[PDB]
Structures are given as structure tokens and as C-alpha cells.
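In what follows, a single structure is set out as C-alpha cells and then discussed.
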Ligand SMILES: *[C@@H]1O[C@H](CO)[C@@H](O[C@@H]2O[C@H](CO)[C@@H](O)[C@H](O)[C@H]2NC(C)=O)[C@H](O)[C@H]1NC(C)=O
Ligand SMILES: *[C@@H]1O[C@H](CO)[C@@H](O[C@@H]2O[C@H](CO)[C@@H](O)[C@H](O)[C@H]2NC(C)=O)[C@H](O)[C@H]1NC(C)=O
Ligand SMILES: *[C@@H]1O[C@H](CO)[C@@H](O[C@@H]2O[C@H](CO)[C@@H](O)[C@H](O)[C@H]2NC(C)=O)[C@H](O)[C@H]1NC(C)=O
Ligand SMILES: *[C@@H]1O[C@H](CO)[C@@H](O[C@@H]2O[C@H](CO)[C@@H](O)[C@H](O)[C@H]2NC(C)=O)[C@H](O)[C@H]1NC(C)=O
Ligand SMILES: *[C@@H]1O[C@H](CO)[C@@H](O)[C@H](O)[C@H]1NC(C)=O
Ligand SMILES: *[C@@H]1O[C@H](CO)[C@@H](O)[C@H](O)[C@H]1NC(C)=O
Ligand SMILES: *[C@@H]1O[C@H](CO)[C@@H](O)[C@H](O)[C@H]1NC(C)=O
Ligand SMILES: *[C@@H]1O[C@H](CO)[C@@H](O)[C@H](O)[C@H]1NC(C)=O
Ligand SMILES: *[C@@H]1O[C@H](CO)[C@@H](O)[C@H](O)[C@H]1NC(C)=O
Ligand SMILES: *[C@@H]1O[C@H](CO)[C@@H](O)[C@H](O)[C@H]1NC(C)=O
Ligand SMILES: *[C@@H]1O[C@H](CO)[C@@H](O)[C@H](O)[C@H]1NC(C)=O
Ligand SMILES: *[C@@H]1O[C@H](CO)[C@@H](O)[C@H](O)[C@H]1NC(C)=O
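Protein chains in written order, with PDB author numbering: chain A, 855 to 892; chain B, 546 to 577, 584 to 620, 641 to 674, 691 to 694; chain C, 14 to 70, 76 to 247, 252 to 397; chain D, 348 to 518, 521 to 577, 584 to 595; chain E, 992 to 1041; chain F, 992 to 1041; chain G, 3 to 120; chain H, 745 to 793.
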């Protein structure tokens, strides 16, 4: 109220959770190969 | 006591001996009883595709629900001058809360 | 003697858009290759300026008296020198000082005096068919000049006075400001090949003169020349010419100075959000992105006061006009509350040698509220 | 002139020697704001504004920036950032006569405080009441001017004092005091005083074009770079 | 008086901004470490002890 | 008046030096990362992922 | 700079009504009225008479009823004080002040000494 | 919301622009931190049913 405001992060918690889910699924299905390419 | 703001009916309970009412920061919040709210304010940002490309721009009013003031609502405020589409591309110009804009200007 | 002009059909006023016009050098300090931000009275970009004609084809001899709020940008597209000067003042009735800047066929005259200007000031050029010759003949501007303060006359010269055939071939831009008791005139002259509507482009107005007159100007009028070759009020021709009047406002501009030290482009800083972001980034080109430019705020609408109901005037009579007061070591003390204190009368009593107010101003004390007053 | 009609004169295109005024010792007050009294001989200005009037001695204090008082508010108000100097000198022997010298008049009542250097010559009768008296002074409407009525035997506070306020504004130099000019020297770190603009550096012939209306050119940081054309350069300095 | 207040509040705001800059540098170091952990521990098997 | 000017200019210089130090720390972190990359990837083959 | 130039009053013998003129300049007169005031050596000023601009009522102290009158003219913008049965005790300074209800230590002119010479 | 104080501080210098720039830099840095940490993979993989 005194000029102090909080901006929202670009990546919502939903999208961060989606990123973590993608990483975890890739790790389970492929292990380390998905980080070196396909 | 001079000030500027919006006076509203208050649900707070002032005892007979109380005149002013202060919240945190020791700034007056109610006066004998009417609650005081600062007039709607916020930031104003301009989203532009670059004067090299075009002079068309969009205006983002931050932390403002512009039902008060191509209007589109977003968690970061509201964006005017950008067409909201249901597609999803890579983020070109980041606005906030997962909304991005690119170049007419689309959000 | 001046005679009111007739044979002039009345038409509604016209308006035109001024595109990037009314820019002048704010200060006489040389700057080169720099983008400078200056807050001063400028003509907003893409503004609306009143358009006045002088065409025979009605005869449309328009020269209305206009207000003078904070300055004026005066453009003129002409090919026969129809306009010749201006008058500035508050009444134009010899009651107070009035300024006149005329350019007759022989000299440039500047006067600051009390004139009883009539309702149709003007000049008149008579063309002789016997021999091709145009020379100013009629000077019908004022009726009297009693107390004259400032005088100036340039060295003699002789104009063309000839009405040329073709489109407008000269553009004269002026800016007049009444600031700090000075009358500042900025000017520029440009060539033109154009018919109407104020050619686009950009050009800065260099300072022309700064007349130290120190008067109160609120209104002005233009003085122009008619052509003759019927009655004095009916036997006259207008001659093609156009002029445009715009009003200045306090604005912040971003001016680009060339390496020659001349202004070549500008940003209004408030015309568009793009202009505002250019202004805040201090650049004439901005790359793609989101820039936090300004702050949205809602201004107050009304003003309300909620002082107490009490109407009992505070009893300062026994505190000031009382016959006897105690000694300094036994200074008398009195309590004032639950009353309405009118401090204006006390301040305006004029009988007080010293009224030294500490912590609060002597004035502005009539709208404050206190729990107590000790006298 | 009377205070309510304090008379203001313009001074330009001359040389003003303030040393004689400073050392005259005939002035009761020589209070200079923004300029040291013994510092104007090297300086100079665009013009000088001499506002002359007469007041009471006790009222000399009211003639000062940011000072609140009847005269300072409704007769002659100086700006808060006033630059100049106020001179006040007693004229009892030349202005006081037996029987009361009422020739001096001062306006007292006005609706609003005067703006800086704002002279008010309005003769309207002050309206102190809701009912207008249509110019016929009466109840709750009074004439806003009062007479000093100086007497030869009046006290110092009531003795007359003639006051001249010299105001200066710096926006080319016209009136410059008694300082002897010197021949220009180039390509050497020297102290220079161009029309009261003081500095130190090397002056060289310059190729930049000044328009006839320009005097000095300033680069970034508001430090003068060129002066009427001469280029100013900070002479060599560095670290050791 | 307003100048006194302005000096005080500018000092407070500058102190806040400086502390925030230092804290942001610390958080950036932590975020770089977290990115390294994601690259090595998650997207692969790390041979680095502990 | 010189006291006023010195206060202002010294405050400005202190501010500039403060952000200069913070930026220098950031650049030092980047330079340490660059030296680590040079050692572990130019002078050898790195098994660290990404 | 309003100047309350007042005509001088010479010595006049008893038996003839005396007229004393009083003029002013630098301000409008038809809107503001003037008051005649009598000051004497050895004692303070004494308010003598007043006249209104519109109503034109000549009001003066009871102790002076029937021997003093005023006549104002806006065309020439001045006042004339007429006094009959003038006596030596009328030795006085008859000055003018800008007319006000209070008429106390207000603006006033330098006046002229006028005495009836027996 | 005080014009007098606004004039006083703009006469005091240009510290507000510096502070705003610093805070904006911090904010963009936070966004970059999150992006670098989490957005290493450019493809969203789905665990099998
Ligand atoms: C032009 O017209 C105006 C009014 O339209 C005339 O103004 C009159 O001037 C005379 C003295 O010059 C005054 O007595 C009148 O009262 C004015 N009229 C009004 C309505 O105020 C003016 O005289 C005319 N000039 C001419 C015919 O040459
Ligand atoms: C510039 O100002 C003129 C002032 O007349 C504007 O014209 C008027 O605009 C209002 C509404 O904006 C209308 O109600 C009036 O009828 C207009 N006047 C006339 C004579 O038609 C004009 O719109 C403004 N803008 C421009 C670009 O000219
Ligand atoms: C243009 O105006 C100037 C100045 O008002 C006139 O010059 C004056 O002319 C009169 C009459 O010939 C002389 O008595 C003055 O001595 C002149 N003053 C100067 C030259 O400073 C000039 O005559 C006007 N021209 C016309 C055509 O009317
Ligand atoms: C300049 O003159 C104008 C008159 O046109 C003044 O404005 C008037 O001021 C008086 C106060 O003396 C008011 O009673 C009027 O109502 C005003 N009229 C208008 C149309 O504004 C103005 O105050 C003068 N300004 C200066 C600085 O002298
Ligand atoms: C915009 O960018 C392109 C890049 O290829 C360039 O060719 C073009 O000249 C630019 N336009 C302007 C107006 O600068
Ligand atoms: C904005 O206000 C409208 C009604 O005024 C409301 O329906 C809407 O939910 C508000 N927006 C948000 C984000 O809450
Ligand atoms: C497309 O987007 C609009 C909002 O811009 C929305 O109202 C509409 O429902 C969307 N279309 C769908 C969901 O099919
Ligand atoms: C010839 O021209 C002169 C001015 O140059 C003019 O005064 C004269 O009247 C003209 N000839 C005739 C016959 O009018
Ligand atoms: C103004 O004009 C009048 C009448 O012409 C004159 O008496 C007076 O002196 C003039 N004012 C001056 C010269 O200051
Ligand atoms: C002045 O500007 C012109 C462009 O109109 C340019 O050709 C010229 O070089 C400039 N002056 C100098 C000294 O370069
Ligand atoms: C103040 O006076 C008004 C008028 O009589 C009255 O309506 C109002 O109730 C009063 N305020 C109180 C009693 O607080
Ligand atoms: C004292 O009496 C005078 C004359 O009646 C009056 O003007 C003044 O206001 C009184 N004092 C106060 C404090 O009101």
C-alpha cells in the first residue's frame, strides 16, 4: 500500500510441477539418455 | 487529519473512547466509523515488439483489476491492446504468471 | 481612422492536426550529439490547431481575437505576405498597456503603448492598373497612443507586396511566450510547395527576440493585409493565405541534438505509451521487451471536511482585551477547549508587534484542530 | 515612491561598482542574499532590478525571503529563492516634518497574499463582510491603505527608512562591474573568468558552430565545455 | 522538514536495496548449485563424493 | 552549501562503489566457473553431465 | 501615490463665512467619501464631520451643530467646508481623511492652519 | 502522493531510477534462476499408464 508490491513469478507452480514431472518420467523411463539427447 | 482515499462502511468495532484506528505500519486505517482504503493504484508497463519492427504496443496495468479502469485479465494484472489466443508458443516477451506475449500483439 | 469591414460571409471555425510542430530551443546553451529531457511549455504533438483562411474565390477575411493562456504557436502558409503583425493585451481599449508588433512595407515596428484598438485592425495594399506597382497604402490599426513605453524600429526595407500565382511558397512559424516579465519570440522560416494543411516534417524554432516589456497579456489578435484595386467596406480583396493557431501546455520533451548542435527530432514523452517508454529509456528506439514505464493512480474527485458541530466561539476576549495581566514570574494561564477559535480576526487585528508562530504557520492555522489551547 | 506603489527600475548595459556602496557606511542595512557583499566586483549579471520604496525602521526585517508580515505579504513579497541584496538607510531628516508627514502610504488589507515581485496597485475597497458595499466604504468594508504619519520625534522603530532591493537574474552578460579584462591565452592551463563564469583549464580555438543566440556550450555533467568560440579542456592530470 | 524526511527515507530505501542485492547474490549462488545438482545427480549418475 | 554538495556526492560515490563491489563478486564467480571449465574440459574429458 | 492636496486657509476676520477647500488625486472620489478633522495645539485630533457619497448626510459632532457644513463636488473632485459665525477659538488645523466609520488614525493630509483674526 | 516532496526528491538527484533498476534486475535474475534450474529439458515426457 506504500508503493511496495510483489510481482508474480513467470513460471507458475503448476508449470514447475509439470517440469519436475517431465524430468522424473524421463529419468524413470530412460535414466540418463534423455539428458544427452533423445 | 488530512488524507486521500475511499471511505467505506466498517465492520470493525470501535469502543466509545476510540477515534482513529491504525493497522500495521501505524498508518491510519479507520476514522470515526469509516474504513479508509487507498485509491486504486499500481504499476504500468509497456510491452513492445521493438520500434524496429512496429510501433504497436500493449499496456499492462499491474495488480489492478481493470473492471475499475482487447482487455484481458491475468494474475499479474490486466493487459490492454493484445489479442488473447488459445494456442501456446514459446515465451517471447514474459509478462508473468505463465502468460507471455509476442508479435498484432498476442498474449 | 479604421472602418469596420463588411462583405464577409460567416462560416464555422475549422480545425487541423499539427504533426510534430511547435518545438523550440528551450535554452540558449549549446549541446551536440545528446538526448536531452526538458520540461517546459511545448505544443503537444499531433494536437488540434485552429485554422484561419484568407481566400477570395465570402472572401473569408477571418481575423478573430483569441485568448492567450500560456503561450501560442502561430504558423502561416502564404505566398503574398498577407499577415503582417500581432497585437497582445488584456483589454485593447487604452485602459492598460498593450503590445503591438507590426511589419509594414517599409520597416518592422514594435510598440508597447496604450491603444484604443478598433474591432477590425488591418493593412491595405493598393494595386495600380496604370503601372504595375504594389505598395502599402492603408494602415488602419489603432485610434490613439497616449503612454508608450517600449519602441523599436528596424532599418528600412521594401517587400514584394505582389500577389503571386500558384500554391503557397513560404511557411513562417512563430512561438510567443509571456514568461518572467519577458516576451519571448521564437521563429523559423521554411520553403514550401503545398496547398493546405500544414506540411509534415520537423524543424526547430530558433530564438528570434526577447522583448523586455513586463506586462499582463491574456488575449491577442493577428493583423493582416487586404488587396484593393466599391465602398471602402466592400471594395477589397483578401488574397490567398492561411494561418494556424495552437496553444502551448507544460510538457516534458526528449530532444535529439545533431553533431551540428541542432535539434532534429523529438519525443513528446506523453503522447503514447511508446513515446513514454522511449522517454524513460532516454532513447529514440527501443528493443523488444516489457518496460515498467509509469504508475497508474486515481486522483481525488471531491473534498470533504468533518469538523466538530460546536459553534461556541472560543473566548479570547478575556485573554487579549482583559484589563489586567499578572506579572511575568506569575504569568496568568487560561484553558481553551470545546469551542470554535477564529484565528483570522486575531491575525488581522494589525495591532500586534510580533506574531511569531513556531511549529505551525501563522496562516493555515484556521483549518487545524487541537485538543487544547493554553494561553 | 510609496511602498504600496514601490517603483522598480531596470539597469543594464553599464558597469556597476558595488565597492563604493559597500564602503560608504551610510546604509543602516546592506543585507545581501545569495551573494557576498564584497564579491560582486568580479561577477556580473544579465540585468539589475532596483525596487525602491519607504517603510518604517522596525519593518526593515519584514523585507526578506520566506518572512511573514503585513508588508511582506500585501505590499512587496520576495521569492523564497531570492538572489540579490536589500539596502535600507534612514531618511528621517529628509522625510520627517513637524505636523506629521503623511505623504507615505502603505496598503494593508488584501484578499490573497502577493506573489513574489507582484506589485498591487488596485484601489478596490477591501470587503470584510458578506454584504458588498458597492465601493461605498462602510460596515465590514474598509479602505485598505493607511498612512505612516512620520514625525520628527518618532522613535527608531517609527522613523522612516528608504529601502532599495537589487534583484539579479542570470539567463549574455550585459552589466559587469569594475574588473579589468585581460588578453586571451591559449594552449596553457590557466584560470579563466568569462563574464563571471569562473573555471580552470586550457582554452583552444574551436570548430563547433554556435548559433548567434548561444553563449556557452555545456556537455554532460553540466560542466561548461565551450565558451564564446573557445574549447575548454581540463589540463592534464592523472594518477602517480 | 520534508527534506529531513526525504534524506531519512532515501537512506532506508538504499539500505534495503543493498541488502536485497547481497541476498539475491546468495540466492543466485544457491540456484546455480541447484542447477548443477539437477544436471548431474538427476540427468546422470554422479561420481562426486557426497 | 559545500557541505550539502559533499554529502550528496559522497553518498552517490559510496552507492556506486557498493554495486561495483557486488558486480565484481558476480564476475569473480563467473571467472571461477570459467577457470573450472578450462581445467576440467580443455585439459581433460569431463564426465559431469551437461 | 494618492495626494491629498488641500488648499491653504488664510487669516479671515469675524463676520464672514469662511470656505476651506480640500482636494485629492490618484484615486476615484465618487466611490469613497472624506471626513474633516480638527486638530489643535496642546490637544489631540478631534473628528469633526463626515458626508456619505450616496445618501449625502452631513454628520458632525453635537458640540458643533449649526456652525459647520460640507459640500462635495465629484466633477472637480474636492470638498468645501463652510463655517459661519467664525470665532477666534476656531484657530485650528482642518485636515481631511479618507472617510471611514472609525475615522481613527486613518490616512490624512498635512492640512493648513486657519485662524480667525479678531 | 505529495507533489512538493516529489519536486524536492527530483531536485535531490536520480536515485529512484537506480533503485528501480536494481530491483528489476533482481526480479529478472529470480526468473532466470527458476528457468535454469527447472527448464533443462525441452520435451515434456509422460510416464506410461
Ligand atoms: C465597429 O463596430 C463596433 C461594434 O460592433 C463599434 O463599436 C462602437 O464604438 C462606439 C465608439 O467608437 C461606441 O460608442 C459604441 O458603444 C460601440 N458599440 C458597441 C456595441 O460597443 C465601432 O464603432 C464600429 N466601428 C466602425 C463602424 O468604424
Ligand atoms: C481539437 O479540438 C476541437 C475543439 O473544437 C475538437 O472539435 C470538437 O470536438 C468535440 C468533441 O471532442 C465536439 O463535440 C465538437 O463538436 C468539435 N467541434 C466542432 C466545431 O465540430 C476536435 O475534435 C479536437 N481534436 C482534433 C483532432 O481536432
Ligand atoms: C512603417 O513604419 C515606420 C515606423 O512606424 C515608418 O517610419 C516612420 O515614418 C514617418 C513618416 O514617414 C517618419 O516621420 C518617421 O520618422 C519614420 N520613423 C522611422 C523610419 O523610424 C514608415 O513610414 C512606415 N511605412 C509606411 C509605408 O507607412
Ligand atoms: C491580468 O489581467 C486579467 C484581466 O483580464 C486578470 O484577471 C482578472 O483578475 C481580477 C482580479 O484583479 C479578477 O477579478 C477577474 O475576474 C479576472 N478576470 C479574468 C478574465 O481572469 C489577471 O488577474 C491579471 N494578471 C496579472 C498577473 O496581473
Ligand atoms: C528492422 O530490422 C531488420 C533486420 O533485418 C532491418 O533490415 C530493418 O532495416 C530494420 N528496420 C528499421 C526501421 O530499422
Ligand atoms: C475483478 O473484478 C470482477 C468484478 O468486479 C471479478 O468478477 C473478478 O473475479 C475480479 N478479478 C480477479 C482476478 O479476482
Ligand atoms: C478461445 O479463447 C477465448 C478467450 O480469448 C475463450 O473465450 C474461448 O472459449 C477459447 N476457445 C475455446 C476454449 O475453444
Ligand atoms: C505609378 O506608380 C507609382 C508608384 O510606383 C504610383 O504612385 C502612381 O500612382 C502610378 N501611376 C499612376 C498613374 O497612378
Ligand atoms: C499617462 O497618460 C496621462 C495622460 O496622457 C499622463 O498624464 C501621464 O503622465 C501618463 N503616465 C506616465 C507618463 O507615466
Ligand atoms: C551539418 O548537418 C549536415 C546535414 O544537413 C551535414 O552534412 C554536415 O556535415 C553537418 N555539419 C558538420 C560540420 O558536419
Ligand atoms: C451535528 O448537528 C447536526 C444538525 O443538528 C445533527 O444532525 C447531527 O446529528 C449532529 N452531530 C452529532 C449529534 O454527532
Ligand atoms: C478587542 O477589542 C477590539 C475592539 O472591539 C476587537 O477588534 C478585538 O477583536 C478584541 N480582541 C479579540 C481577541 O477579539
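C-beta atoms are modelled at their ideal positions from N, C-alpha and C, and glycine is treated no differently.
Let me check understanding here. Comparing Cα to Cα, which of 96/C, 158/C and 392/C lies closest to residue 336/C?
Ranking 96/C, 158/C and 392/C by Cα distance to residue 336/C puts 392/C first.
In chain order, what residues of the same chain have a beta carbon less than 6 Å from the beta carbon of residue 538/D, not counting five sequence neighbours either side?
In chain order, 551 and 590 place their CB closer than 6 Å to the CB of residue 538/D, counting only its own chain and leaving out the 5 sequence neighbours on each side.
DSSP on residue 774/H, reduced to helix/strand/coil?
helix
Over the uninterrupted alpha helix (DSSP H) stretch that includes residue 369/C, give me the two end residues.
Where residue 369/C is concerned, the enclosing alpha helix (DSSP H) stretches over 365–369.
Starting from the Cα of residue 646/B, find the closest Cα among 876/A, 888/A and 862/A and give me that residue.
Ranked by Cα distance from residue 646/B, the first of 876/A, 888/A and 862/A is 862/A.
On a CA-only basis, which of 395/D, 378/D, 371/D and 384/D is nearest residue 361/D? Give me that one, please.
395/D
Could you name the residues of the region 16–50 of chain G whose beta carbon sits closer than 7 Å to any beta carbon of chain D, in the order they occur along the chain?
29, 30, 33 and 34
What number of angstroms, rounded off, separates the C-alpha of residue 215/C from the C-alpha of residue 270/C?
19 Å
Do the region 442–455 of chain D and the region 489–503 of chain D make contact, defined as three or more Cβ pairs closer than 8 Å?
Yes, they touch.
Looking only at DSSP bridge pairs, what is residue 598/B linked to?
Paired residue(s): 609/B and 312/C.
Interface residues of chain E around residue 770/H at Cβ under 8 Å?
At a beta-carbon threshold of 8 Å, the residues of chain E lying near residue 770/H are 1011, 1012 and 1015, ordered along the chain.
Looking at residue 38/G: is its Cβ nearer than 9 Å to the Cβ of residue 96/G?
yes
What does the alpha-carbon distance come out to for the pair residue 410/D and residue 429/D?
One Cα belongs to residue 410/D, the other to residue 429/D, and the distance between them is close to 11 Å.
Short of 7 Å in beta carbon distance, which residues of its chain neighbour residue 47/C, apart from the five on each side in sequence? Order them along the chain.
Here residue 47/C has 279 as same chain residues with Cβ atoms under 7 Å from its own Cβ, once five neighbours each way along the sequence are excluded.
Under 8 Å, with one C-beta from each stretch per pair, do the region 137–146 of chain C and the region 190–199 of chain C reach the 3-pair mark?
The region 137–146 of chain C is not in contact with the region 190–199 of chain C.
Under the DSSP definition of a beta bridge, which residues are partnered with residue 755/H?
Note: residue 755/H sits in no beta bridge, so no partner.
Can residue 240/C and residue 332/C be called in contact, C-beta distance under 9 Å?
no
Hey, out of 535/D, 569/D, 509/D and 574/D, whose CA is closest to residue 546/D's CA?
574/D
Closer than 8 Å by C-beta to residue 663/B: which residues in its own chain qualify, once you throw out the five before and the five after it? Chain order, please.
671, 672, 673 and 674
Starting from residue 227/C and walking both ways along the alpha helix (DSSP H), at which residues does that stretch end?
Where residue 227/C is concerned, there is no enclosing alpha helix (DSSP H), although the beta strand (DSSP E) it sits in stretches over 224–229.
What is the rounded straight-line gap between the Cα of residue 883/A and the Cα of residue 789/H?
9 Å
Measuring only between beta-carbons, confirm whether residue 1005/E sits less than 9 Å from chain F.
It does; some Cβ of chain F falls within 9 Å.
In whole angstroms, give me the CA-to-CA distance for residue 22/C and residue 750/H.
53 Å
Looking at chain C, is there any beta carbon in it that lies within less than 9 Å of the beta carbon of residue 472/D?
no
Examine chain B for any beta-carbon lying closer than 9 Å to the beta-carbon of residue 866/A, and answer yes or no.
Answer yes: the Cβ-Cβ gap between residue 866/A and chain B drops below 9 Å somewhere.
List, in chain order, every chain D residue whose beta-carbon is nearer than 7 Å to that of residue 45/C.
557
Using beta carbons (cut-off 9 Å, strictly below), is residue 672/B in contact with chain A?
no
Cβ of residue 31/C within 9 Å of Cβ of residue 93/C?
yes
Mind pulling the chain H residues with CB within less than 8 Å of residue 1030/E?
784
Roughly how many angstroms separate the alpha carbons of residue 571/B and residue 586/B, rounded to a whole number?
15 Å
Considering only heavy atoms of ligand 9, does any lie closer than 8 Å to the CB of residue 79/G?
no
Using 9 Å as the limit for Cβ to Cβ distance, is residue 276/C near chain B?
Closer than 9 Å: no.
Go to residue 1/G, then tell me how far its beta strand (DSSP E) extends in each direction, as first and last residue.
Missing from the structure shown is residue 1/G; chain G here goes from 3 to 120 and no further.
Out of curiosity, what's the CA-to-CA distance linking residue 144/C and residue 85/C?
32 Å
Using the DSSP secondary-structure output, state which residues sit across from residue 436/D in a beta bridge.
509/D
Let me confirm a value: residue 99/C is counted as buried when at least 16 other C-beta atoms fall within 10 Å, else exposed. Which label applies?
buried
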